[PDB]
Amino acid sequence: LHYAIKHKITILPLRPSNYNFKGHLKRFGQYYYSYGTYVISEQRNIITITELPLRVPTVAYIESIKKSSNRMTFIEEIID
DNA sequence: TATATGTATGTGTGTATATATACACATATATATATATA
């Protein structure tokens, strides 16, 4: 590690924090991406969202999913 | 046609009760707006 401090190279990994977050994290190139969690059902055509990505408020997400007219053409009602 | 005469509003003081709003700054994302293509 002292050698790596002299030459500025990385040995031990330094990952993002996943504490108090139930979704999953992926590295695609030079960035990290954080994913939510849904639960598909065709018996009652209802998707049950169970988690949002990191630092996403809930009512701002719901109003953003309500304003977009291309997405509103497939939903009847959106309930919290 | 002037007069009263009983109506109705209306700020104002101290000590309380509960809220509201404009602006700067960076950067990533967004949802609709737009040419001209035709």
# chains A, B, ... in the order shown; residues from 1 in each chain; ligands from 1
>>> residues_around(residues="residue 35 of chain A", least_positions_apart="3", cutoff="12 Å", atoms="only C-alpha atoms (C1' of nucleotides)", output="PyMOL selection string")
chain A and resi 18+21-27+32+38+49-56
>>> interface_residues(of="chain A", to="chain B", cutoff="12 Å", atoms="only C-alpha atoms (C1' of nucleotides)", output="VMD selection string")
chain A and resid 64 to 71
>>> decode(residues="segment 21-65 of chain A", atoms="N, CA and C atoms", output="CSV table (one decimal), in the first residue's frame")
chain,number,residue,atom,x,y,z
A,21,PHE,N,-30.1,0.7,1.8
A,21,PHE,CA,-30.5,0.8,0.4
A,21,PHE,C,-30.6,-0.7,0.0
A,22,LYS,N,-31.8,-1.1,-0.6
A,22,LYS,CA,-32.1,-2.5,-0.9
A,22,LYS,C,-31.9,-2.8,-2.3
A,23,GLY,N,-31.7,-1.8,-3.2
A,23,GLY,CA,-31.5,-2.1,-4.6
A,23,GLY,C,-30.1,-2.6,-5.0
A,24,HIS,N,-29.8,-2.5,-6.2
A,24,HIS,CA,-28.5,-3.0,-6.7
A,24,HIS,C,-27.8,-2.1,-7.6
A,25,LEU,N,-26.4,-2.2,-7.6
A,25,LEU,CA,-25.5,-1.2,-8.1
A,25,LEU,C,-24.6,-1.9,-9.1
A,26,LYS,N,-24.4,-1.3,-10.3
A,26,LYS,CA,-23.6,-1.9,-11.4
A,26,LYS,C,-22.7,-0.9,-11.9
A,27,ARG,N,-21.5,-1.3,-12.4
A,27,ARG,CA,-20.5,-0.5,-13.0
A,27,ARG,C,-20.4,-0.8,-14.5
A,28,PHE,N,-20.7,0.2,-15.3
A,28,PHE,CA,-20.7,0.0,-16.8
A,28,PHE,C,-19.8,1.1,-17.4
A,29,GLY,N,-18.5,0.7,-17.4
A,29,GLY,CA,-17.5,1.6,-18.0
A,29,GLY,C,-16.8,2.5,-16.9
A,30,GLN,N,-17.0,3.8,-17.0
A,30,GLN,CA,-16.4,4.7,-16.0
A,30,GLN,C,-17.4,5.3,-15.0
A,31,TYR,N,-18.6,4.7,-14.8
A,31,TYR,CA,-19.6,5.2,-13.9
A,31,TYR,C,-20.3,4.0,-13.2
A,32,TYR,N,-20.9,4.4,-12.1
A,32,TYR,CA,-21.8,3.5,-11.3
A,32,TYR,C,-23.2,3.9,-11.6
A,33,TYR,N,-24.1,2.9,-11.6
A,33,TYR,CA,-25.5,3.1,-11.8
A,33,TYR,C,-26.2,2.4,-10.7
A,34,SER,N,-27.3,3.0,-10.2
A,34,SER,CA,-28.1,2.4,-9.2
A,34,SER,C,-29.5,2.2,-9.7
A,35,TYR,N,-30.1,1.0,-9.4
A,35,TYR,CA,-31.3,0.5,-9.9
A,35,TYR,C,-32.4,0.3,-8.8
A,36,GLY,N,-33.6,0.5,-9.2
A,36,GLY,CA,-34.7,0.3,-8.3
A,36,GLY,C,-35.1,-1.2,-8.2
A,37,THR,N,-36.4,-1.4,-7.8
A,37,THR,CA,-36.9,-2.8,-7.7
A,37,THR,C,-38.4,-2.8,-8.0
A,38,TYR,N,-38.8,-3.5,-9.0
A,38,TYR,CA,-40.3,-3.6,-9.3
A,38,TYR,C,-40.7,-5.1,-9.0
A,39,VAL,N,-42.0,-5.3,-9.3
A,39,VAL,CA,-42.5,-6.7,-9.1
A,39,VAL,C,-43.6,-6.9,-10.1
A,40,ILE,N,-43.4,-7.5,-11.2
A,40,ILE,CA,-44.3,-7.6,-12.3
A,40,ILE,C,-45.4,-8.6,-12.0
A,41,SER,N,-46.7,-8.3,-12.4
A,41,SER,CA,-47.8,-9.2,-12.3
A,41,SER,C,-48.7,-9.1,-13.5
A,42,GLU,N,-49.0,-10.2,-14.1
A,42,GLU,CA,-49.9,-10.3,-15.2
A,42,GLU,C,-51.3,-10.8,-14.8
A,43,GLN,N,-51.4,-11.2,-13.6
A,43,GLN,CA,-52.7,-11.7,-13.1
A,43,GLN,C,-53.7,-10.6,-12.9
A,44,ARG,N,-53.2,-9.4,-12.5
A,44,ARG,CA,-54.0,-8.3,-12.2
A,44,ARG,C,-53.5,-7.0,-12.9
A,45,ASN,N,-52.7,-7.1,-13.9
A,45,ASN,CA,-51.8,-6.2,-14.6
A,45,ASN,C,-51.4,-5.0,-13.7
A,46,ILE,N,-50.7,-5.3,-12.6
A,46,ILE,CA,-50.2,-4.4,-11.6
A,46,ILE,C,-48.8,-4.6,-11.4
A,47,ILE,N,-48.0,-3.5,-11.6
A,47,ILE,CA,-46.6,-3.5,-11.2
A,47,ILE,C,-46.5,-2.9,-9.8
A,48,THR,N,-45.8,-3.6,-8.9
A,48,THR,CA,-45.7,-3.1,-7.5
A,48,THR,C,-44.3,-2.6,-7.3
A,49,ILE,N,-44.1,-1.3,-7.3
A,49,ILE,CA,-42.8,-0.7,-7.1
A,49,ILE,C,-42.4,-0.8,-5.6
A,50,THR,N,-41.3,-1.4,-5.3
A,50,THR,CA,-40.9,-1.5,-3.9
A,50,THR,C,-39.7,-0.7,-3.5
A,51,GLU,N,-39.0,0.0,-4.5
A,51,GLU,CA,-37.8,0.8,-4.1
A,51,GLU,C,-37.5,1.8,-5.2
A,52,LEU,N,-37.0,2.9,-4.9
A,52,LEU,CA,-36.5,4.0,-5.7
A,52,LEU,C,-35.0,4.0,-5.7
A,53,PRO,N,-34.3,4.5,-6.7
A,53,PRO,CA,-32.8,4.7,-6.7
A,53,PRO,C,-32.3,5.6,-5.6
A,54,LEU,N,-31.0,5.7,-5.4
A,54,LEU,CA,-30.4,6.5,-4.3
A,54,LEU,C,-30.8,8.0,-4.3
A,55,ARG,N,-31.2,8.4,-3.2
A,55,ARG,CA,-31.6,9.8,-2.9
A,55,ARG,C,-32.6,10.3,-3.8
A,56,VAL,N,-33.7,9.5,-4.0
A,56,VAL,CA,-34.8,9.9,-4.8
A,56,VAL,C,-36.0,10.1,-3.9
A,57,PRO,N,-36.6,11.3,-3.8
A,57,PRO,CA,-37.8,11.5,-3.0
A,57,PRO,C,-39.0,10.8,-3.7
A,58,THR,N,-40.0,10.6,-2.9
A,58,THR,CA,-41.1,9.7,-3.4
A,58,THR,C,-42.2,10.5,-4.1
A,59,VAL,N,-42.6,11.7,-3.6
A,59,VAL,CA,-43.7,12.4,-4.2
A,59,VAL,C,-43.2,13.2,-5.5
A,60,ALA,N,-41.9,13.5,-5.5
A,60,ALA,CA,-41.3,14.1,-6.7
A,60,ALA,C,-41.2,13.0,-7.9
A,61,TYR,N,-40.9,11.8,-7.5
A,61,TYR,CA,-40.9,10.7,-8.4
A,61,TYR,C,-42.3,10.4,-9.0
A,62,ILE,N,-43.3,10.5,-8.1
A,62,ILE,CA,-44.7,10.2,-8.5
A,62,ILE,C,-45.2,11.3,-9.4
A,63,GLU,N,-44.9,12.6,-9.1
A,63,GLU,CA,-45.4,13.6,-10.0
A,63,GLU,C,-44.6,13.6,-11.3
A,64,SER,N,-43.3,13.2,-11.3
A,64,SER,CA,-42.6,13.1,-12.5
A,64,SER,C,-43.1,11.9,-13.4
A,65,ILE,N,-43.6,10.9,-12.8
A,65,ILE,CA,-44.1,9.8,-13.6
A,65,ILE,C,-45.6,10.1,-14.0
